[PDB]
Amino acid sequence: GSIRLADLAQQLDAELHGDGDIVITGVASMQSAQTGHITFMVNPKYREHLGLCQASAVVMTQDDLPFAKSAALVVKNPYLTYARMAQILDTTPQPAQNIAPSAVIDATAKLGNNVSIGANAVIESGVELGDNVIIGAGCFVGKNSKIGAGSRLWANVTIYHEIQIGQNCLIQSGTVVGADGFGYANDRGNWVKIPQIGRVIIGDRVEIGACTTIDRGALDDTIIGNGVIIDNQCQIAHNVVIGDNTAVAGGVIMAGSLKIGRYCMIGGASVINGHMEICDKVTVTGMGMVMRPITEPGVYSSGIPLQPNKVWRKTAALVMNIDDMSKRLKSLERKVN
């Protein structure tokens, strides 16, 4: 939806330098922007490049202003302003509008005001959908689950029974919330299923990527705190607890009964052992092999990275034989001493 530059500047708390009557139609990258677009500059190395940008307006700082070759919106934080203006001008559609005649909705489900449910979605008995909730096409929402006001599911999301989802969450397609945890007892080599009768509780303002799986708890619950952001294809096992505002990047695999504190950052493709705790304010870099508890805040890493194959063959063989190398070092130390 188009907006006058002066009105956009007011909504952004930006200082306008230039024509307030310019009409802005959307956001674009600096290299792709054309007339009607607003863009932003975060890297001052691009000052000398601004004459190449065809945007109608550029968000920048006060120090950048002398280098502008366009209307400019001056702010302290161009990146955050970009995020805000991209929300004002967002072109992303809603997953559904109104209630599709092909949706299958149990007579006992409770729908708030202004709820939309897409084609062929399936809502079980006892479900409660808060005001402004949007359920995409093809979703399934299981018995007695509750989805708080303003939350949105994209197409083909699966929510099992007895799940609680807070307000203003966003779940991408293919995600499964509330499948059975991996709970089995062993009887003489045969696995005996343990029914998983806990739940999943997801807080407010949680964003979950695509094809992520969050299993329900065995007895007590799997819990995702407020403001958590989880990328695609993560596995959050039964009885995991993830503290408020933690970020989990793509493809992280967590085992059961892991507790992660608040304010953590878990890098993509990490692997985290279960039945243990990671304290608040921990960053694990990508592909981290988290075998043991983390008890102090800070940054932690693992992994021996890529080498040319010919070199790697020697590295791996020598590491595998490092005990012999250690024994030889000690023997030579003794001989020299």
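Throughout, rigid core stands for the largest set of C-alpha atoms superposing within 1.5 Å between the two forms. Counting begins at 1, following the sequence as shown.
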Checklist outcome for this item: Per-stretch CA RMS vs shown form in 8 other deposited structures of this protein, rigid core as reference, larger of 218-226/69-77 is 69-77
Checklist outcome for this item: When the rigid core is fixed in 8 other deposited structures of this protein, C-alphas move more for 304-312 or 37-45; answer is 37-45
Checklist outcome for this item: The stretch carrying the higher mean Cα B factor in the deposited entry, 185-193 or 211-219, is 185-193
Checklist outcome for this item: Per the PDB entry, mean CA B-factor is higher for 227-235 or 91-99, namely for 91-99
Item to check | Residue of maximum C-alpha B factor among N309, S270, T283, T35, per deposited coordinates | outcome: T35
Item to check | Residue selected from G166, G261, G112, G118 by maximal Cα B factor | outcome: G112
Item to check | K76 CA temperature factor, ranked by third within the chain | outcome: highest
Checklist entry - So where's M30 on the chain's Cα temperature factor ranking, which third? => result highest
Item to check | Modelled-residue ranking by C-alpha temperature factor, third containing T108 | outcome: highest
Checklist entry - Mind checking which third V58 falls in for C-alpha B-factor across the chain? => result middle
Checklist outcome for this item: By the entry's values, the third containing the CA B factor of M41 is the middle
